[PDB]
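Pasting run_6.cif here (mmCIF, C-alpha atoms):
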data_input
#
loop_
_atom_site.group_PDB
_atom_site.id
_atom_site.type_symbol
_atom_site.label_atom_id
_atom_site.label_comp_id
_atom_site.auth_asym_id
_atom_site.auth_seq_id
_atom_site.Cartn_x
_atom_site.Cartn_y
_atom_site.Cartn_z
ATOM 1 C CA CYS A 90 -42.363 -57.294 60.461
ATOM 2 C CA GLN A 91 -45.958 -56.292 59.749
ATOM 3 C CA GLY A 92 -46.360 -59.115 57.223
ATOM 4 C CA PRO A 93 -47.397 -57.454 53.948
ATOM 5 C CA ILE A 94 -45.318 -60.007 52.017
ATOM 6 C CA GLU A 95 -47.733 -60.536 49.136
ATOM 7 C CA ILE A 96 -48.122 -60.058 45.390
ATOM 8 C CA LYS A 97 -50.319 -57.183 44.228
ATOM 9 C CA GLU A 98 -53.509 -58.006 42.345
ATOM 10 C CA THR A 99 -52.635 -55.504 39.604
ATOM 11 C CA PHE A 100 -49.293 -57.289 39.295
ATOM 12 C CA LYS A 101 -51.028 -60.614 38.662
ATOM 13 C CA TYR A 102 -53.418 -58.996 36.181
ATOM 14 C CA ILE A 103 -50.601 -57.472 34.129
ATOM 15 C CA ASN A 104 -48.149 -60.365 34.422
ATOM 16 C CA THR A 105 -50.517 -63.175 33.433
ATOM 17 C CA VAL A 106 -51.349 -61.456 30.138
ATOM 18 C CA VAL A 107 -47.768 -60.329 29.485
ATOM 19 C CA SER A 108 -46.342 -63.794 30.166
ATOM 20 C CA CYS A 109 -48.976 -65.485 28.003
ATOM 21 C CA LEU A 110 -48.219 -63.108 25.128
ATOM 22 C CA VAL A 111 -44.452 -63.564 25.288
ATOM 23 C CA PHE A 112 -44.898 -67.332 25.665
ATOM 24 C CA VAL A 113 -47.108 -67.678 22.584
ATOM 25 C CA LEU A 114 -44.918 -65.351 20.518
ATOM 26 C CA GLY A 115 -41.843 -67.347 21.511
ATOM 27 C CA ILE A 116 -43.298 -70.752 20.717
ATOM 28 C CA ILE A 117 -44.617 -69.754 17.282
ATOM 29 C CA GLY A 118 -41.441 -67.862 16.388
ATOM 30 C CA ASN A 119 -39.041 -70.598 17.451
ATOM 31 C CA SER A 120 -41.143 -73.389 15.935
ATOM 32 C CA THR A 121 -41.237 -71.513 12.624
ATOM 33 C CA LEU A 122 -37.473 -70.937 12.804
ATOM 34 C CA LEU A 123 -36.855 -74.637 13.452
ATOM 35 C CA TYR A 124 -39.185 -75.652 10.614
ATOM 36 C CA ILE A 125 -37.423 -73.273 8.216
ATOM 37 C CA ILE A 126 -34.055 -74.676 9.303
ATOM 38 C CA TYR A 127 -35.326 -78.214 8.688
ATOM 39 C CA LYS A 128 -36.588 -77.364 5.191
ATOM 40 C CA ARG A 133 -26.725 -76.644 5.794
ATOM 41 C CA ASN A 134 -23.656 -75.197 7.501
ATOM 42 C CA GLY A 135 -22.301 -74.407 10.945
ATOM 43 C CA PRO A 136 -24.365 -71.252 11.470
ATOM 44 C CA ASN A 137 -27.522 -73.182 10.570
ATOM 45 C CA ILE A 138 -26.726 -75.954 13.062
ATOM 46 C CA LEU A 139 -25.965 -73.447 15.821
ATOM 47 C CA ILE A 140 -29.149 -71.471 15.114
ATOM 48 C CA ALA A 141 -31.153 -74.709 15.169
ATOM 49 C CA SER A 142 -29.640 -75.625 18.540
ATOM 50 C CA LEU A 143 -30.394 -72.150 19.876
ATOM 51 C CA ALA A 144 -34.010 -72.398 18.703
ATOM 52 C CA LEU A 145 -34.480 -75.905 20.127
ATOM 53 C CA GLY A 146 -33.039 -75.019 23.521
ATOM 54 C CA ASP A 147 -35.078 -71.827 23.402
ATOM 55 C CA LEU A 148 -38.304 -73.768 22.902
ATOM 56 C CA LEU A 149 -37.304 -76.033 25.786
ATOM 57 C CA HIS A 150 -36.556 -73.025 28.001
ATOM 58 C CA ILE A 151 -39.922 -71.374 27.326
ATOM 59 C CA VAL A 152 -41.962 -74.547 27.771
ATOM 60 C CA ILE A 153 -40.162 -75.339 31.039
ATOM 61 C CA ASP A 154 -40.146 -71.767 32.415
ATOM 62 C CA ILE A 155 -43.372 -69.950 31.510
ATOM 63 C CA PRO A 156 -46.095 -72.523 32.386
ATOM 64 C CA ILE A 157 -45.082 -73.360 35.959
ATOM 65 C CA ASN A 158 -44.065 -69.775 36.746
ATOM 66 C CA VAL A 159 -47.429 -68.402 35.612
ATOM 67 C CA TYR A 160 -49.093 -71.197 37.583
ATOM 68 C CA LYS A 161 -47.218 -69.914 40.639
ATOM 69 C CA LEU A 162 -49.395 -66.768 40.642
ATOM 70 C CA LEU A 163 -52.928 -68.206 40.677
ATOM 71 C CA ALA A 164 -52.291 -71.152 43.018
ATOM 72 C CA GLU A 165 -48.861 -70.572 44.656
ATOM 73 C CA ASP A 166 -49.136 -73.966 46.349
ATOM 74 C CA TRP A 167 -47.145 -76.399 44.133
ATOM 75 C CA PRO A 168 -49.421 -79.482 44.221
ATOM 76 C CA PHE A 169 -46.976 -81.464 42.052
ATOM 77 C CA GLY A 170 -44.614 -84.250 43.087
ATOM 78 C CA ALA A 171 -41.266 -84.223 44.853
ATOM 79 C CA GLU A 172 -39.370 -85.599 41.850
ATOM 80 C CA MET A 173 -40.839 -82.968 39.516
ATOM 81 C CA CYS A 174 -39.686 -80.255 41.932
ATOM 82 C CA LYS A 175 -36.265 -81.914 42.062
ATOM 83 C CA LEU A 176 -36.107 -82.030 38.247
ATOM 84 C CA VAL A 177 -37.565 -78.795 36.822
ATOM 85 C CA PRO A 178 -34.784 -76.391 37.956
ATOM 86 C CA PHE A 179 -32.196 -78.759 36.466
ATOM 87 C CA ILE A 180 -33.875 -78.621 33.051
ATOM 88 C CA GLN A 181 -34.269 -74.844 33.302
ATOM 89 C CA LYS A 182 -30.585 -74.329 34.139
ATOM 90 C CA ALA A 183 -29.551 -76.708 31.357
ATOM 91 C CA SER A 184 -31.660 -74.755 28.863
ATOM 92 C CA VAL A 185 -30.126 -71.460 30.006
ATOM 93 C CA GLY A 186 -26.641 -72.937 29.709
ATOM 94 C CA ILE A 187 -27.129 -74.223 26.178
ATOM 95 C CA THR A 188 -28.717 -70.901 25.189
ATOM 96 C CA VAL A 189 -25.765 -68.821 26.385
ATOM 97 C CA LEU A 190 -23.224 -71.296 24.992
ATOM 98 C CA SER A 191 -25.002 -71.295 21.623
ATOM 99 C CA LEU A 192 -24.823 -67.496 21.619
ATOM 100 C CA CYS A 193 -21.088 -67.765 22.341
ATOM 101 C CA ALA A 194 -20.580 -70.296 19.536
ATOM 102 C CA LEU A 195 -22.571 -68.149 17.105
ATOM 103 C CA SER A 196 -20.430 -65.115 17.926
ATOM 104 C CA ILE A 197 -17.227 -67.102 17.395
ATOM 105 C CA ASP A 198 -18.558 -68.494 14.105
ATOM 106 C CA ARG A 199 -19.560 -65.051 12.819
ATOM 107 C CA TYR A 200 -16.086 -63.782 13.724
ATOM 108 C CA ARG A 201 -14.353 -66.634 11.897
ATOM 109 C CA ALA A 202 -16.600 -66.134 8.856
ATOM 110 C CA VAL A 203 -15.050 -62.721 8.143
ATOM 111 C CA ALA A 204 -11.611 -63.199 9.740
ATOM 112 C CA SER A 205 -10.612 -66.464 8.002
ATOM 113 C CA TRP A 206 -12.205 -66.299 4.548
ATOM 114 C CA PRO A 215 -19.824 -79.198 9.927
ATOM 115 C CA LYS A 216 -18.002 -81.959 11.815
ATOM 116 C CA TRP A 217 -16.216 -79.373 13.962
ATOM 117 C CA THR A 218 -19.547 -77.665 14.647
ATOM 118 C CA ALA A 219 -21.058 -81.010 15.684
ATOM 119 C CA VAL A 220 -18.147 -81.734 18.052
ATOM 120 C CA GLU A 221 -18.507 -78.196 19.442
ATOM 121 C CA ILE A 222 -22.281 -78.640 19.878
ATOM 122 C CA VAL A 223 -22.041 -81.979 21.706
ATOM 123 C CA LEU A 224 -19.536 -80.341 24.052
ATOM 124 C CA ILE A 225 -22.036 -77.539 24.707
ATOM 125 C CA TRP A 226 -24.933 -79.919 25.326
ATOM 126 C CA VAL A 227 -22.898 -82.034 27.756
ATOM 127 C CA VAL A 228 -21.229 -79.113 29.566
ATOM 128 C CA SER A 229 -24.648 -77.589 30.226
ATOM 129 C CA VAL A 230 -26.040 -80.684 31.950
ATOM 130 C CA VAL A 231 -22.733 -81.247 33.760
ATOM 131 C CA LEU A 232 -22.930 -77.732 35.216
ATOM 132 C CA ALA A 233 -26.675 -78.004 35.927
ATOM 133 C CA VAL A 234 -26.388 -81.343 37.790
ATOM 134 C CA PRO A 235 -25.913 -79.632 41.211
ATOM 135 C CA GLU A 236 -29.348 -78.044 40.799
ATOM 136 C CA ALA A 237 -31.057 -81.435 40.428
ATOM 137 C CA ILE A 238 -29.876 -82.776 43.813
ATOM 138 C CA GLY A 239 -30.636 -79.687 45.896
ATOM 139 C CA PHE A 240 -34.293 -78.739 45.521
ATOM 140 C CA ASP A 241 -36.760 -80.553 47.758
ATOM 141 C CA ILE A 242 -40.321 -79.964 48.935
ATOM 142 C CA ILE A 243 -40.696 -79.353 52.670
ATOM 143 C CA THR A 244 -44.024 -78.635 54.371
ATOM 144 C CA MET A 245 -43.399 -75.861 56.889
ATOM 145 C CA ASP A 246 -46.324 -75.157 59.223
ATOM 146 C CA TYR A 247 -47.021 -71.455 58.813
ATOM 147 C CA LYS A 248 -49.154 -69.704 61.418
ATOM 148 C CA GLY A 249 -52.425 -70.192 59.551
ATOM 149 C CA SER A 250 -51.612 -72.456 56.611
ATOM 150 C CA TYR A 251 -49.732 -75.628 55.678
ATOM 151 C CA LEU A 252 -47.127 -74.559 53.129
ATOM 152 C CA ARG A 253 -45.500 -76.841 50.554
ATOM 153 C CA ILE A 254 -42.417 -74.853 49.569
ATOM 154 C CA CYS A 255 -40.176 -76.469 46.944
ATOM 155 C CA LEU A 256 -36.907 -74.794 47.921
ATOM 156 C CA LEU A 257 -33.158 -75.338 48.145
ATOM 157 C CA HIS A 258 -32.927 -76.997 51.548
ATOM 158 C CA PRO A 259 -30.564 -75.160 53.939
ATOM 159 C CA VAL A 260 -29.643 -78.497 55.561
ATOM 160 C CA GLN A 261 -28.665 -81.284 53.159
ATOM 161 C CA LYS A 262 -26.480 -84.385 53.146
ATOM 162 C CA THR A 263 -23.633 -83.706 50.711
ATOM 163 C CA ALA A 264 -20.954 -81.256 51.843
ATOM 164 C CA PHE A 265 -20.090 -80.064 48.328
ATOM 165 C CA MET A 266 -23.751 -79.156 47.878
ATOM 166 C CA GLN A 267 -23.604 -76.915 50.952
ATOM 167 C CA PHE A 268 -20.381 -75.350 49.681
ATOM 168 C CA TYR A 269 -22.017 -74.650 46.316
ATOM 169 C CA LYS A 270 -25.243 -73.295 47.835
ATOM 170 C CA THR A 271 -23.030 -70.882 49.780
ATOM 171 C CA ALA A 272 -22.271 -68.980 46.536
ATOM 172 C CA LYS A 273 -24.806 -70.351 44.059
ATOM 173 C CA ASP A 274 -25.985 -66.841 43.190
ATOM 174 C CA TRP A 275 -22.431 -65.631 42.554
ATOM 175 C CA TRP A 276 -21.513 -68.632 40.399
ATOM 176 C CA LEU A 277 -24.766 -68.430 38.439
ATOM 177 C CA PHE A 278 -24.330 -64.701 37.824
ATOM 178 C CA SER A 279 -20.713 -65.149 36.745
ATOM 179 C CA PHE A 280 -21.040 -68.102 34.388
ATOM 180 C CA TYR A 281 -24.425 -67.235 32.865
ATOM 181 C CA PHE A 282 -23.995 -63.463 32.461
ATOM 182 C CA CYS A 283 -20.397 -62.244 32.622
ATOM 183 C CA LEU A 284 -18.671 -64.961 30.590
ATOM 184 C CA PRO A 285 -21.151 -65.096 27.658
ATOM 185 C CA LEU A 286 -21.654 -61.321 27.529
ATOM 186 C CA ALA A 287 -17.941 -60.518 27.758
ATOM 187 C CA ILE A 288 -16.892 -63.182 25.249
ATOM 188 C CA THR A 289 -19.624 -62.192 22.788
ATOM 189 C CA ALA A 290 -18.743 -58.503 23.072
ATOM 190 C CA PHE A 291 -15.008 -59.125 22.663
ATOM 191 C CA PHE A 292 -15.460 -61.404 19.653
ATOM 192 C CA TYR A 293 -17.925 -59.052 17.959
ATOM 193 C CA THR A 294 -15.683 -56.037 18.613
ATOM 194 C CA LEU A 295 -12.697 -57.801 17.054
ATOM 195 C CA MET A 296 -14.967 -58.943 14.207
ATOM 196 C CA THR A 297 -16.123 -55.394 13.454
ATOM 197 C CA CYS A 298 -12.541 -54.136 13.688
ATOM 198 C CA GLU A 299 -11.455 -56.771 11.161
ATOM 199 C CA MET A 300 -14.281 -55.906 8.759
ATOM 200 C CA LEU A 301 -13.847 -52.121 8.824
ATOM 201 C CA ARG A 318 -20.425 -53.136 6.548
ATOM 202 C CA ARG A 319 -21.497 -50.799 9.350
ATOM 203 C CA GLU A 320 -24.975 -52.346 9.267
ATOM 204 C CA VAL A 321 -23.617 -55.719 10.408
ATOM 205 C CA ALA A 322 -21.556 -54.058 13.145
ATOM 206 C CA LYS A 323 -24.541 -52.162 14.530
ATOM 207 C CA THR A 324 -26.638 -55.335 14.228
ATOM 208 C CA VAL A 325 -24.307 -57.518 16.288
ATOM 209 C CA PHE A 326 -23.697 -54.796 18.876
ATOM 210 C CA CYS A 327 -27.428 -54.132 19.265
ATOM 211 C CA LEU A 328 -27.970 -57.880 19.653
ATOM 212 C CA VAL A 329 -25.368 -58.039 22.434
ATOM 213 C CA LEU A 330 -26.880 -55.003 24.161
ATOM 214 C CA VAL A 331 -30.368 -56.524 23.927
ATOM 215 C CA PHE A 332 -29.095 -59.781 25.425
ATOM 216 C CA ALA A 333 -27.411 -58.006 28.336
ATOM 217 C CA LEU A 334 -30.359 -55.702 29.045
ATOM 218 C CA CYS A 335 -32.917 -58.516 28.911
ATOM 219 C CA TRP A 336 -30.847 -60.916 31.036
ATOM 220 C CA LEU A 337 -29.631 -58.495 33.734
ATOM 221 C CA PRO A 338 -32.703 -58.224 36.032
ATOM 222 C CA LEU A 339 -32.858 -61.875 37.145
ATOM 223 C CA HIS A 340 -29.214 -61.845 38.214
ATOM 224 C CA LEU A 341 -29.709 -58.409 39.770
ATOM 225 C CA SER A 342 -32.637 -59.697 41.843
ATOM 226 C CA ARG A 343 -30.750 -62.801 42.974
ATOM 227 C CA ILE A 344 -27.685 -60.731 43.907
ATOM 228 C CA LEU A 345 -29.829 -58.238 45.831
ATOM 229 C CA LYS A 346 -31.574 -61.039 47.721
ATOM 230 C CA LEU A 347 -28.151 -62.493 48.528
ATOM 231 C CA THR A 348 -26.364 -59.357 49.718
ATOM 232 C CA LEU A 349 -28.953 -56.740 50.763
ATOM 233 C CA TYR A 350 -31.201 -59.005 52.854
ATOM 234 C CA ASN A 351 -30.640 -58.465 56.575
ATOM 235 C CA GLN A 352 -31.915 -59.957 59.814
ATOM 236 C CA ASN A 353 -32.695 -57.015 62.131
ATOM 237 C CA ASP A 354 -34.323 -54.298 60.033
ATOM 238 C CA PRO A 355 -38.137 -53.956 59.973
ATOM 239 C CA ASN A 356 -38.020 -52.921 56.301
ATOM 240 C CA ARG A 357 -36.864 -56.414 55.268
ATOM 241 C CA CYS A 358 -40.366 -57.596 54.322
ATOM 242 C CA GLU A 359 -40.991 -54.617 52.053
ATOM 243 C CA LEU A 360 -37.636 -55.223 50.378
ATOM 244 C CA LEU A 361 -38.472 -58.898 49.942
ATOM 245 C CA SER A 362 -41.862 -57.932 48.535
ATOM 246 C CA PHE A 363 -40.175 -55.559 46.098
ATOM 247 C CA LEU A 364 -37.716 -58.328 45.238
ATOM 248 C CA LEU A 365 -40.595 -60.565 44.159
ATOM 249 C CA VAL A 366 -41.829 -57.799 41.863
ATOM 250 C CA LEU A 367 -38.433 -57.300 40.258
ATOM 251 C CA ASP A 368 -37.799 -61.034 40.132
ATOM 252 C CA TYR A 369 -40.947 -61.773 38.164
ATOM 253 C CA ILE A 370 -40.288 -58.923 35.746
ATOM 254 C CA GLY A 371 -36.899 -60.453 35.038
ATOM 255 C CA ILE A 372 -38.285 -63.855 34.123
ATOM 256 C CA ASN A 373 -40.817 -62.226 31.804
ATOM 257 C CA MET A 374 -38.352 -60.315 29.727
ATOM 258 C CA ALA A 375 -35.828 -63.080 30.203
ATOM 259 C CA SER A 376 -38.095 -64.991 27.837
ATOM 260 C CA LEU A 377 -38.103 -61.802 25.763
ATOM 261 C CA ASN A 378 -34.388 -62.249 25.114
ATOM 262 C CA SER A 379 -35.337 -65.796 24.170
ATOM 263 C CA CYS A 380 -37.622 -64.590 21.407
ATOM 264 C CA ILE A 381 -35.293 -61.790 20.273
ATOM 265 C CA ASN A 382 -33.143 -64.214 18.270
ATOM 266 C CA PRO A 383 -35.728 -65.249 15.611
ATOM 267 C CA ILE A 384 -36.938 -61.667 15.148
ATOM 268 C CA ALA A 385 -33.329 -60.533 14.739
ATOM 269 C CA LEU A 386 -33.026 -63.018 11.877
ATOM 270 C CA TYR A 387 -36.225 -61.697 10.289
ATOM 271 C CA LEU A 388 -35.090 -58.060 10.482
ATOM 272 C CA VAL A 389 -31.613 -58.565 8.989
ATOM 273 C CA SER A 390 -31.213 -61.477 6.562
ATOM 274 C CA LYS A 391 -33.166 -61.401 3.301
ATOM 275 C CA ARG A 392 -33.210 -65.204 3.025
ATOM 276 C CA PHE A 393 -34.915 -65.657 6.389
ATOM 277 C CA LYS A 394 -37.065 -62.603 5.613
ATOM 278 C CA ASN A 395 -38.467 -64.472 2.608
ATOM 279 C CA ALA A 396 -38.649 -67.689 4.639
ATOM 280 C CA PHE A 397 -40.848 -66.153 7.355
ATOM 281 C CA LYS A 398 -42.636 -63.964 4.783
ATOM 282 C CA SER A 399 -44.932 -66.639 3.348
ATOM 283 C CA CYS B 1 -34.017 -69.821 46.613
ATOM 284 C CA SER B 2 -31.790 -70.078 49.676
ATOM 285 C CA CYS B 3 -32.650 -69.622 53.359
ATOM 286 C CA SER B 4 -30.340 -69.448 56.359
ATOM 287 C CA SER B 5 -32.679 -71.643 58.421
ATOM 288 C CA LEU B 6 -36.116 -73.253 58.300
ATOM 289 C CA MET B 7 -37.335 -71.542 61.493
ATOM 290 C CA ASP B 8 -37.839 -67.960 60.273
ATOM 291 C CA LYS B 9 -41.315 -67.643 58.756
ATOM 292 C CA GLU B 10 -40.226 -64.884 56.333
ATOM 293 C CA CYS B 11 -37.631 -66.420 54.002
ATOM 294 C CA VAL B 12 -39.680 -69.610 53.607
ATOM 295 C CA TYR B 13 -42.809 -67.617 52.736
ATOM 296 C CA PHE B 14 -40.756 -65.550 50.291
ATOM 297 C CA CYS B 15 -39.547 -68.694 48.519
ATOM 298 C CA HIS B 16 -43.110 -70.013 48.590
ATOM 299 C CA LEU B 17 -44.181 -66.927 46.623
ATOM 300 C CA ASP B 18 -41.006 -66.593 44.521
ATOM 301 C CA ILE B 19 -40.228 -68.056 41.095
ATOM 302 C CA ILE B 20 -38.532 -71.396 40.454
ATOM 303 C CA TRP B 21 -34.921 -70.405 39.780
#

Let me see the file written as structure tokens.
Amino acid sequence: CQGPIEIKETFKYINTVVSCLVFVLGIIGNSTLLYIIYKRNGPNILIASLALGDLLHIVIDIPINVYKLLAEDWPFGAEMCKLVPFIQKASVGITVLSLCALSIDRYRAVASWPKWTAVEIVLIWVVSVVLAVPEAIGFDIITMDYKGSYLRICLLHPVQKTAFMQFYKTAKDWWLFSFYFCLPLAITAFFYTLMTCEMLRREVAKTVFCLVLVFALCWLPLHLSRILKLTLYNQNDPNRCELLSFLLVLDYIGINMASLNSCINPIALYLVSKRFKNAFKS
Amino acid sequence: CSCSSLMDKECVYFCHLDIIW
């Protein structure tokens, strides 16, 4: 190809500011939510877990990603590169599983009018790391000699030792998309639909459905970009570079408003519940 | 990030410029 595989300057200018704003809003919102929770039932425990994992997700996602624009060289260590994606995937897993648990709890609150919540939260926090373990053993820095520079890409190595790791990397994008989008979205929607059917009031129904729609809309683009890179990338079309360039654009946008979904949970509590309204009020 | 091979100078550059995910 021609080689215009690069990030636009206007893109950096917009994205640095946008990412900083969403990052700061998320940290203050989630810290305030956690403090209010600290100052007791199953919903409170699940919301606290969601907020804690949310804080972890933002602090592990935004800083390094926004560093990837100014420097795009990764001067860190091999172990940090091997570790960061594992923590990020674990945070995403606990976030989606906490959303699932919250939906189930809100269904059972109206359909069937803390130890069980603790044994369902430990299961979440261990299942997430169990399912994120394959990420921690795959990434590895390799210095490929580009025609003009000495790169330091921290990537998922195409050639690795373990055979199961190769088998997983074959369909990592598919598995990630499935487990982190389809299962939580479908389960949340089904449980909330049955919940609203049992109740029928309408305010709560529209609230939960708008929350589910916001989650899906704010989490779609990352999976869309990964799927497009997986299936629409070819080997013998000159347009490939442009597509890849466009992919980068879309990809970054995803991560930005991915964090937006992150910070949509505290705001949703401020806009609905009077108790939390008063809590955040002063 | 996933590349078919480490010899094509396009996928590796793309993952150099991509996000960590």

- Message: as a PyMOL selection string, could you give me every residue of chain B near chain A (at most 7 Å apart, counting all atoms listed in the file)?
- Response: chain B and resi 1-5+9+15-21

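Between residue 12 (chain B) and the residues A:218, A:170, A:390, A:251, the shortest atom-to-atom distance, using all atoms listed in the file, involves A:251.
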
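One distance worth recording is that between CA of residue 173 (chain A) and CA of residue 146 (chain A), which is 19.5 Å.
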
- Extract, using only C-alpha atoms, all DNA, RNA and protein residues at most 12 Å from region 288-296 of chain A, discarding same-chain residues fewer than 3 positions from it, and format them as an NGL selection string. :A and (189-205 or 280-285 or 299-301 or 318-319 or 321-333)

- Message: Env of residue 226 (chain A): 12 Å cut, atoms = all atoms listed in the file, seq-sep filter 3 positions within chain, self excluded. Answer as a PyMOL selection string.
- Response: chain A and resi 139+142-143+145-146+180+182-191+219-223+229-233

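Omitting residue 148 (chain A) and its sequence neighbours fewer than 6 positions away, and counting all atoms listed in the file, the residues within 8 Å are residues 115, 116, 119 and 120 of chain A.
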
Emit as JSON the padded axis-aligned box for all listed atoms of region 11-15 of chain B, 4 Å per side, with centre and edge lengths in Å to one decimal.
{"center_x": -40.2, "center_y": -67.6, "center_z": 51.3, "size_x": 13.2, "size_y": 12.1, "size_z": 13.5}

- Separation of CA of residue 378 (chain A) from CA of residue 338 (chain A) in Å: 11.8 Å

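If only C-alpha atoms are the atoms counted, then among A:244, A:234, A:216, A:228 the closest residue to residue 6 (chain B) is A:244.
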
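Taking CA of residue 373 (chain A) and CA of residue 279 (chain A) as the two end points, the separation is 20.9 Å.
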
- Task: Return as JSON, numbers by chain the set of residues that the PyMOL selection byres ((chain A and resi 377) around 12) yields on the displayed structure.
- Result: {"A": [107, 108, 109, 110, 111, 112, 113, 114, 115, 116, 118, 147, 150, 151, 155, 331, 332, 333, 334, 335, 336, 370, 371, 372, 373, 374, 375, 376, 378, 379, 380, 381, 382, 383, 384]}
